[PDB]
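See below for the structure under consideration.
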Amino acid sequence: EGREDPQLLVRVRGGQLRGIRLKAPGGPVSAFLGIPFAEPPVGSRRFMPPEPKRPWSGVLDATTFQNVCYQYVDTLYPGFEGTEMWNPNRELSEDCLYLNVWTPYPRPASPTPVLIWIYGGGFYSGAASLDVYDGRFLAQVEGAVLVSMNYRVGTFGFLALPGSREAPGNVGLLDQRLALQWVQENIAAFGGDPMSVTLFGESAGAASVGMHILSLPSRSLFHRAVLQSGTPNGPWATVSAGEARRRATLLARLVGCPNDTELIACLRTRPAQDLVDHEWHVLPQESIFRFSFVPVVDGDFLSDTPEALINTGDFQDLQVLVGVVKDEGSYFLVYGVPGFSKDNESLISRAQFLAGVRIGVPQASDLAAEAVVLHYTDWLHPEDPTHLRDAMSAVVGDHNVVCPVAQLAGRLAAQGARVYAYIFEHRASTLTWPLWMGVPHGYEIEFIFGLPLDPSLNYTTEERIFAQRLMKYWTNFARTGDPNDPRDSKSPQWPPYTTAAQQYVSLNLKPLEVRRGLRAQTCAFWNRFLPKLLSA
Amino acid sequence: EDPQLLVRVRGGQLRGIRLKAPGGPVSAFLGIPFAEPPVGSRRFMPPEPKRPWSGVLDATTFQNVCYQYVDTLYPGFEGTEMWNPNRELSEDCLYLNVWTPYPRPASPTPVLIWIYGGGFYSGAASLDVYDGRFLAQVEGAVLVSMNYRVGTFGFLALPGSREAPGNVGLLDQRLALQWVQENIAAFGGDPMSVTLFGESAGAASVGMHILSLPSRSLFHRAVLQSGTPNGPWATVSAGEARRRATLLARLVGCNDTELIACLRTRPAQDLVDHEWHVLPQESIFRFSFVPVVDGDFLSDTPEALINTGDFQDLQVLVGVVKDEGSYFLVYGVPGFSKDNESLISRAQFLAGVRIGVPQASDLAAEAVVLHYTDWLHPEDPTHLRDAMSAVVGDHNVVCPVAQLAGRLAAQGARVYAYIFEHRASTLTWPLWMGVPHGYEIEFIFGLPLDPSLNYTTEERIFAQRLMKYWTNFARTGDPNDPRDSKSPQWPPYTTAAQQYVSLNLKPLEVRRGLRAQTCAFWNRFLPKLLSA
Ligand SMILES: CCN(CC)CCNS(=O)(=O)Cc1ccc(C(F)(F)F)cc1
Ligand SMILES: CCN(CC)CCNS(=O)(=O)Cc1ccc(C(F)(F)F)cc1
Ligand SMILES: *[C@@H]1O[C@H](CO)[C@@H](O)[C@H](O)[C@H]1NC(C)=O
Ligand SMILES: *[C@@H]1O[C@H](CO)[C@@H](O)[C@H](O)[C@H]1NC(C)=O
């Protein structure tokens with residue numbers, strides 16, 4: 001080894017690693033990027049459960065981010081920062097089952113609580129190596145050990161012919177579980193506490209956290225959970241066995257593959279791009295906020311539908327943090343609903359609102375669509391282009407995030423879980439999306455991870471204090487199961503979400519303000535009445 | 004012999020009586036016959052014009068109230084007795100009353116005709132809350148009220164028969180309107196400025212004169228207080244009227267002609283005994299014998315006619331009170347009473363919705379319960395009590411009033427809409443019932459001006475304000491004082507801005523949208539639901 005930094009060499013079960021000494025604004029951090037945790041799921045292993053990574057010889061260099069899992073790449077606004085910030089930033093490859101580890105430098109003295117990040121992106125996209133997921137600040141400022149993994153997305157992650165051995169589905173979720181098993185065995189070599197491990201994720205990542213809560217094998221790999229703008233329940237996170245099967249055989253036919267063994271075998275002989283190129287063509291209706299290849303209700307990972315499982319499972323000794331941004335829906339309108347764009351004020355007509363309701367609520371019958379249209383329209387001003395636009399954003403945001411989270415928060419709480427609920431209401435001063443989109447899906451994240459602390463990034467001073475505050479909320483919750491400061495008593499307190507009072511806090515530049523009722527009236531509509539109306 | 008009290012009408016001569024109102028005398032002519040007594044074989048039949056009479060007919064006393072069911076639930080309680088008959092019950096009841104300033108107007112004076120309510124099942128014009136002296140003495144109006152047949156006697160129909168063709172109760176009102184046309188000028192009334200105004204079933208009847216072309220030549224303005232021709236309770240189909248007619252006939256021991271004959275040969279109370287037993291469901295705010303869609307008086311359904319008529323030369327004043335439904339809960343809904351606070355459970359609230367909305371399917375009462383629950387306090391006894399009253403009030407008055415106002419304003423009419431929010435200081439109902447169905451009436455008729463009625467000074471001032479709105483409406487079509495130059499004016503209800511005003515002790519305040527989101531639920535979505 002000779003003349004290396006002796007704080008950057010670490011042994012794990014698979015072999016030796018050499019990490020990197022990164023500069024964060026307020027000190028150095030240790031990072032170990034690109035650690036292989038499964039065998040490359042390539043060739044005859046495509047669509048299959050990850051096998052644990054065979055040990056390697058010598059010191060593995062762990063100083064670069066590894067390849068992004070093969071995925072669709074957004075082409076709507078080329079060069080626009082607001083979309084590129086989510087696109088992959090390393091080479092696309094099916095060999096992509098790697099994870100990353102940030103820790104204080106030097107590595108800590110006492111065993112430190114671990115935070116595991118699961119990125120979002122609709123189960124069709126995402127990478128643990130994007131800039132908004134950079135753990136250098138949570139490590140340096142809060143002392144935390146942060147772990148983020150790559151997991152297979154798209155067809156490679158979730159294409160299922162249920163019941164079969166060569167494509168049993170949910171293998172993307174099995175990637176994440178394997179990374180969690182990896183943390184249990186290895187994170188103490190870095191100073192992490194394998195007995196204090198908190199999952200947290202956004203969008204499909206938040207959804208995934210939910211599925212590890214509900215899948216009994218994952219339950220012994222973590223102890224607390226944070227779900228940001230996403231849920232295992234709801235209309236997009238899961239599909240029936242039947243629908244997954246229909247979506248898989250359609251894609252097979254679309255690439256020329258017509265007994266499931268012979269069909270998957272053919273799929274395994276196709277370039278990764280040919281699958282990506284046809285992935286969006288298997289959706290049943292014209293939709294937004296719908297993704298072709300997502301977790302399946304397999305009767306295995308998910309013993310039953312998430313709706314059934316949250317309704318009837320025991321959840322004491324489980325601490326959860328859940329929340330939403332203010333305008334969950336706005337982002338999705340520009341990827342489908344005619345009339346909407348990032349370059350226009352998107353002032354739409356009544357006609358277009360009704361057309362958009364059928365796209366944002368694609369599974370809805372004619373009557374249920376009318377019901378949605380009746381609820382959201384302002385009958386004092388039923389033709390105002392501005393109320394209609396913002397109403398269209400709210401249909402999509404309520405139906406896909408806010409009311410599922412409301413359903414999850416109330417059903418967990420009724421079943422003994424300590425729940426904490428927020429709404430994130432601050433719009434980044436640096437946002438490049440138009441004002442009409444408000445605080446869109448995903449723009450909490452740069453503040454949880456603490457990017458405002460980077461002087462070069464041009465956030466306001468208050469934005470930097472704000473980001474520090476939510477970093478302490480998230481980390482306090484990872485440490486204690488309670489986002490509140492023990493020492494800071496004078497500060498306004500964050501109370502648990504109860505079925506009786508339904509308290510939640512607002513996250514913005516002002517101090518915490520407590521509110522009652524997660525869009526209670528409107529989510530009674532989506533969570534109670536609407537199921538009974540398509541039940542007839 | 005006071006010549007002011009001698010009037011010659013087309014049917015002979017009358018003597019009225021001079022009454023004291025607080026600020027002066029009034030000429031009243033009570034008990035004037037306008038039709039042949041619909042007794043014996045003329046039962047269920049259209050009314051016939053009264054034959055002329057000899058000598059000078061005495062019209063100083065109130066004539067009998069039409070035969071009707073009498074309420075029993077709170078015996079001798081002022082809140083209920085005040086609506087109960089205050090003269091003898093008779094089928095010989097087709098008489099009307101005229102009040103006129105003393106001395107009689109020197110110029111043709113606008114006429115106000117009052118059509119009482121009582122669910123098409125009860126009511127009379129001799130009730131003290133319809134006392135016409137105040138409006139005649141203070142605003143100088145000529146005020147007319149008539150009796151019309153109620154219950155089986157007014158509205159039992161075997162449609163398309165000739166012995167019981169339906170709606171004779173409305174043909175009673177119609178004939179009174181024609182009597183006013185032929186005769187009112189003799190009292191100083193202006194037959195060319197006649198405003199109908201009524202409440203509950205009366206407001207509904209006023210609506211049916213708007214929609215029945217033969218009635219249009221007998222009035223020029225209308226006021227519909229807390230009642231409409233559209234909606235769930237004011238009409239039945241011919242199929243359904245025939246059902247209850249033949250059901251009542253089965254129940255009292257009785265081909266159409268023979269069936270209606272037997273019914274004629276039956277003491278009155280024998281028919282009223284079974285009046286309530288022909289409703290198809292357990293109900294509240296539902297009545298056994300109401301106007302029928304006959305293809306005659308009502309060419310189509312009221313919902314179809316408002317959706318399609320031409321109303322350009324029409325001016326209308328429509329409104330509701332704060333707590334329409336609350337009155338009806340004590341009359342059928344388990345858990346509710348005038349004598350406790352009627353705090354109810356969630357299950358009791360589910361059960362009440364199937365009676366407040368008796369026609370609704372499982373899915374539709376589900377929909378109603380989910381809408382009216384306060385999902386922040388879904389089990390709170392007080393929110394459920396207040397929501398049950400709102401369900402009943404919105405389903406039956408507020409939302410029909412909002413649908414009629416919308417259709418009228420859109421199709422050429424001039425609409426002025428109110429919400430009456432003041433609770434009488436003398437009210438004898440419990441505090442939780444708010445301002446119930448029917449308790450604006452005492453203030454429009456000016457009763458607080460009677461000092462022995464122990465109303466508060468501001469309530470006297472408030473009643474005089476309302477009397478001006480109504481009489482100004484009669485003279486002009488516009489309830490706004492043409493002298494008051496002060497800013498808050500009552501604006502016309504429009505489809506675009508949906509403005510209405512609030513009537514209470516504080517000055518007029520203008521609000522937009524008359525329970526807009528909730529009536530979109532009732533008028534737009536719920537129809538789509540049941541019919542699927
Ligand atoms: C804003 C942060 N999120 C969550 C991490 C990432 C963006 N993907 S998204 O959320 O799921 C919204 C979206 C849907 C469909 C398309 C495409 F590619 F089909 F056009 C792009 C983006
Ligand atoms: C307060 C103003 N109104 C009309 C002027 C008086 C009561 N009739 S009402 O509105 O229709 C309410 C009511 C319904 C049914 C019953 C009974 F008798 F059948 F039980 C009594 C009272
Ligand atoms: C905004 O732009 C989109 C796409 O170019 C277009 O379809 C829409 O109609 C425009 N709307 C307005 C209000 O300019
Ligand atoms: C931040 O602001 C400086 C000017 O002070 C500018 O030169 C730089 O390019 C900006 N960077 C970003 C990422 O906006």
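Chains as they are written, first to last, in PDB author numbering: chain A, 1 to 258, 265 to 542; chain B, 4 to 257, 265 to 542.
Backbone N, C-alpha and C fix where the C-beta goes; we use that ideal spot for every residue, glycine too.
Within-8 angstroms CB hit, residue i to chain B
{"i": "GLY523(A)", "result": "yes"}
{"i": "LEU394(A)", "result": "no"}
{"i": "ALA400(A)", "result": "no"}
{"i": "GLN325(A)", "result": "no"}
{"i": "residue 262(A)", "result": "The structure shown gives no position for residue 262(A): in chain A, residue numbering passes from 258 to 265 with nothing in between."}
{"i": "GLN291(A)", "result": "no"}
Proximity test, Cβ basis, 8 angstroms: residue i and chain A
{"i": "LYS538(B)", "result": "yes"}
{"i": "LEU386(B)", "result": "yes"}
{"i": "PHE535(B)", "result": "yes"}
{"i": "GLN508(B)", "result": "yes"}
{"i": "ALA530(B)", "result": "yes"}
{"i": "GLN358(B)", "result": "no"}
{"i": "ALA542(B)", "result": "yes"}
{"i": "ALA427(B)", "result": "no"}
{"i": "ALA397(B)", "result": "no"}
{"i": "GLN66(B)", "result": "no"}
{"i": "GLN527(B)", "result": "yes"}
Candidates the options, of which the one nearest residue i by Cα
{"i": "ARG18(A)", "options": "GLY366(A), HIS393(A), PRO489(A), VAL101(A)", "result": "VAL101(A)"}
{"i": "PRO25(B)", "options": "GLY201(B), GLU142(B), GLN291(B)", "result": "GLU142(B)"}
{"i": "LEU386(B)", "options": "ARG521(A), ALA400(A), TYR70(A)", "result": "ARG521(A)"}
{"i": "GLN71(A)", "options": "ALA377(A), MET48(A), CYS96(A)", "result": "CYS96(A)"}
{"i": "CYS409(B)", "options": "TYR428(B), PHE299(B), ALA526(B), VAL367(B)", "result": "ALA526(B)"}
{"i": "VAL331(A)", "options": "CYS257(A), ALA38(A), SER229(A)", "result": "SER229(A)"}
{"i": "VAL29(B)", "options": "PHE47(B), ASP134(B), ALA188(B)", "result": "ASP134(B)"}
{"i": "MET443(A)", "options": "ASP283(A), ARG165(A), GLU202(A), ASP349(A)", "result": "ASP349(A)"}
{"i": "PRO50(A)", "options": "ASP404(A), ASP384(A), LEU8(A), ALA167(A)", "result": "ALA167(A)"}
{"i": "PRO517(A)", "options": "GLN322(A), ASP384(A), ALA473(A)", "result": "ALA473(A)"}
{"i": "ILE20(B)", "options": "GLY201(B), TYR105(B), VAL326(B)", "result": "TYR105(B)"}
Outcome for residue i when other beta-carbon atoms lying within 10 angstroms are tallied against a minimum of 16
{"i": "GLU285(B)", "result": "buried"}
{"i": "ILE451(A)", "result": "buried"}
{"i": "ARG253(A)", "result": "exposed"}
{"i": "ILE471(A)", "result": "exposed"}
{"i": "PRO344(A)", "result": "exposed"}
{"i": "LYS53(A)", "result": "buried"}
{"i": "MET211(B)", "result": "buried"}
{"i": "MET195(A)", "result": "exposed"}
{"i": "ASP5(A)", "result": "exposed"}
{"i": "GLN176(B)", "result": "buried"}
Residues around ligand 4, please: the condition is that the C-beta lies closer than 7 angstroms to some non-hydrogen atom of it.
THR436(A), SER462(A), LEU463(A), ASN464(A)
Taking a Cβ distance cut-off of 8 angstroms, strictly less, list which residues of the segment 360 to 376 of chain A are near chain B, in chain order.
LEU373, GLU376
Of all the residues that make up the segment 406 to 420 of chain B, which are near chain A by a beta-carbon distance shorter than 7 angstroms?
none
Note down, in chain order, all residues in the segment 125 to 146 of chain B with a beta-carbon under 8 angstroms from any beta-carbon belonging to chain A.
none
Taking only beta carbons into account, state which residues of the segment 163 to 191 of chain B come closer than 7 angstroms to chain A, listed in chain order.
none
Can you give me, in chain order, the residues of the segment 88 to 122 of chain B that have a beta carbon less than 8 angstroms from any beta carbon in chain A?
none
Could you list the residues in the segment 30 to 49 of chain B with a C-beta less than 9 angstroms from some C-beta on chain A, going in chain order?
none
Residues of the segment 241 to 252 of chain A whose Cβ lies closer than 9 angstroms to any Cβ of chain B, in chain order:
none
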